[PDB]
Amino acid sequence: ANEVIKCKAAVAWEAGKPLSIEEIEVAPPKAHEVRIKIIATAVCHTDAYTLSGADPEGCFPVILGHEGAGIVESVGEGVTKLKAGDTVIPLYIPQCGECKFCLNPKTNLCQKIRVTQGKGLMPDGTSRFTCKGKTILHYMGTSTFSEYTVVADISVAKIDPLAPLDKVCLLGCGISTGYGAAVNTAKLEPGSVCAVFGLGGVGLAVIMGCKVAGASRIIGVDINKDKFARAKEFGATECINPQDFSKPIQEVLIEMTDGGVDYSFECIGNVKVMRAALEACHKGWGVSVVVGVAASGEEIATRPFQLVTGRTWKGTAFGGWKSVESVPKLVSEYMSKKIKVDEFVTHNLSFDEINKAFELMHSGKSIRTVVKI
């Protein structure tokens, strides 16, 4: 039978404090849940956002992390598709396959367990984590910052058993989102001119997709010149820094493309930049995709004349991928060298140095840091 597991995990006891490697107990999978052994996990600004305490939905104590890869240790009752030993990737965006959203081709926002997930609990409404007698909450339905975690069976993607987990763990968030943003949400046609605001993991993943889509031009935009080199490596035909212009960045791009870009992508989370990204699109057919997440309360704006004159405002969630179906495929494209992953890893750390991941992130000296459990 499946027993309780005593393992280590980086607990976030309180907002605004660093993570604490702690000894915890992980309960066995209940019906339609699977316990996974995380081999590798990366850190994203999203983890940091909840850690700061600025997140209205963030609760503590909790186990963060939503970018991991690992192996199925065991499954609860009712679980057929998965078995102990399967190589997998936890999914913050699930795919039950039967809800209103899963059944609609135009979205991937499965709602079967959203409510319970926002509260950091399994579908049965209870947490599977305990530490020093206290209950520790789940996070984004994944909690990848533990040697062992439990997720809803509808939150797992079975992937190629040969995929390096300390690499592929990044398909859990940033790469898939950026890539899908270009290929799924925008569906840019070969030869189109694109602009990308923000050159972090997401922006680079976007550039990657524009390049596979056959974009004729791909303009990178970032206030951090250091990001340019790698962007060019990814496919950016040219990079520009807003700080080097006195005119609004929209006007700059319009000049550079004789009207504006065919597609633009905001990968920062800055409401003002989002407006610029929209306005920088070509009149009559320009499309702008918002990929970045703005701080609660903040809102976007522009003159309706912009939409009336042909521009379209869009957005994306996890690159619009139906998680369970897509991720295994994305892994295969990686194995086939169709897409890049290794190139997104800028730093590697052991589980104890996990806090340094957050530090590298603020330094801006980082795209993605993979933490070996």
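Each residue number is its position in the shown sequence, starting from 1.
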Worksheet, complete the sentence: As the entry reports it, the stretch among 90 to 98 and 232 to 240 with higher mean C-alpha B factor is 232 to 240
Worksheet item: Looking at the deposited entry, does 55 to 63 or 341 to 349 carry the larger mean Cα B-factor?
Response: 55 to 63
Item to complete: Using the temperature factors in the entry, find which of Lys37, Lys322, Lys314, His45 has the highest value at its Cα atom.
Response: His45
Item to complete: Could you tell me which one of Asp166, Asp226, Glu266, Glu279 shows the highest CA temperature factor in the PDB record?
Response: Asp226
Discussion item. Ranking the modelled residues of this chain by C-alpha B-factor as given in the entry, is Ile373 in the lowest, middle or highest third?
Written reply: highest
Worksheet entry | Ranked against its chain, the third holding the CA B-factor of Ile113 | middle
Fill in: Chain-wide C-alpha B factor ranking for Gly78, given as lowest, middle or highest third
highest
Practice prompt. Would you mind checking where the Cα B-factor of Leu253 ranks among the modelled residues of its chain, as the lowest, middle or highest third?
Written response: highest
Discussion item. Using the temperature factors of the C-alpha atoms in this entry, rank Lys106 within its chain: lowest, middle or highest third.
Written reply: lowest
